[PDB]
Amino acid sequence: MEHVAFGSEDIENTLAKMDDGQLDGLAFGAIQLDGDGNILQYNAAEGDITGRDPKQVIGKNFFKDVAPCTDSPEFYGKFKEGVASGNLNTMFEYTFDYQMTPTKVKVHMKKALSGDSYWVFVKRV
């Protein structure tokens, strides 16, 4: 698999080199979002946690379409304050419960080395 630890201080440098294929070798869920929350990349481990098919959710809006349970001040609110600011680095526990067995996760959101893109990293707790 691809050798990077969840929560590493330089994760955004490591992931800058990865295409879709390599992203699927990570030990944790990874989603790349634009500044509006649209999904640009979604890896296999994320699909394993949530049941979503990665190919199919690319292009959908994470907050409006895919993950309405995250449309709250505690998740989306943190994201949109990060985008507006141009900096984002926060880690918190959350429960994902939309059309799925409720599943408790650790979430890490971090601004990418790109441009106007943002990472959401997910693992089970």
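So, how was this worked out
Residues numbered from 1 in each chain as written, not as in the entry; some residues may be left out. Heavy atoms only, no water. UniProt positions renumbered as here; feature names shortened; annotations may be inferred. Helix = DSSP H or I, 4+ residues; strand = E, 2+ residues; numbered from the N terminus. Rg over C-alpha atoms; globule rule 2.2 N^0.38 Å. Buried < 20%, exposed > 50% of the residue type's maximum accessible area, 1.4 Å probe, protein only. Contact = heavy atoms within 4.5 Å. Areas by Shrake-Rupley, 256 points an atom, 1.4 Å probe, with all protein chains shown as cover. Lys, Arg positive; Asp, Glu negative; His and termini not counted. Charge placed at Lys NZ, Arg CZ, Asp CG, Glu CD. Pairing = 2+ DSSP bridges. Axes fitted to C-alpha atoms, helices over the stretch in contact; angles between N-to-C directions.

Per the PDB record, the structure was determined using X-ray crystallography to 1.70 Å resolution.

Taking the PDB entry as the reference, the protein chain is identified by name as Photoactive yellow protein belonging to Halorhodospira halophila. Its official PDB title, as written in the record, is "Photoactive Yellow Protein PYP Pure Dark". In its Function section, the UniProt entry covering the protein chain states "Photoactive blue light protein. Probably functions as a photoreceptor for a negative phototaxis response." UniProt's Subunit comment on the protein chain is quoted here verbatim: "Monomer."

Caption draft 1: Looking closely at the overall build of the protein chain. For the protein chain, the helix and strand inventory stands at 6 helices and 5 strands. Ordered by position in the sequence, the α and β elements of the protein chain form the string α-α-β-β-α-α-α-α-β-β-β. Over its C-alpha atoms the protein chain spans a radius of gyration of 13 Å, differing by no more than 12% from the 14 Å that the globule rule assigns to 125 residues. Relative to its 125 residues, the protein chain shows a buried fraction of 47%. Excluding contacts between residues fewer than 6 apart, the proportion of contacts in the protein chain whose partners are at least 24 apart in sequence is 42%. Of the accessible surface of the protein chain, which amounts to about 6500 Å², a share of 45% is contributed by carbon and sulfur atoms. Of the charged side chains in the protein chain, 13 are positive and 19 negative; the average position of the first set lies 4 Å away from that of the second.

Caption draft 2: Geometry of the sheet that holds strand β1 (residues 29–34). Across the sheet, 5 strands lie side by side as β2-β1-β5-β4-β3; this open sheet has antiparallel pairing. If you trace the sheet from one side to the other, it starts and ends with β2 (39–42) and β3 (89–96), each paired once. Strand after strand, the sheet turns through a mean of 20° between neighbouring axes, direction not considered. In terms of strand pairing, strand β4 (residues 103–111) meets strand β5 (residues 117–124) through 7 bridges, oriented antiparallel. The residue of β5 that forms the bridge with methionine 109 is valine 120. Together, β1, β3, β4 and β5 form the strand contacts of helix α6 (residues 76–85), whose direction differs from that of β5 by roughly 150°.

Caption draft 3: Expanded view of the pairing of β3. In the sheet, β3 pairs with β4 via 8 bridges, with the strands oriented antiparallel. Across the sheet, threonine 90 pairs through a bridge with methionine 109, a residue of β4. Following β3, the chain reverses through 6 residues before pairing antiparallel with β4; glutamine 99 in that reversal takes a positive phi of roughly 55°.

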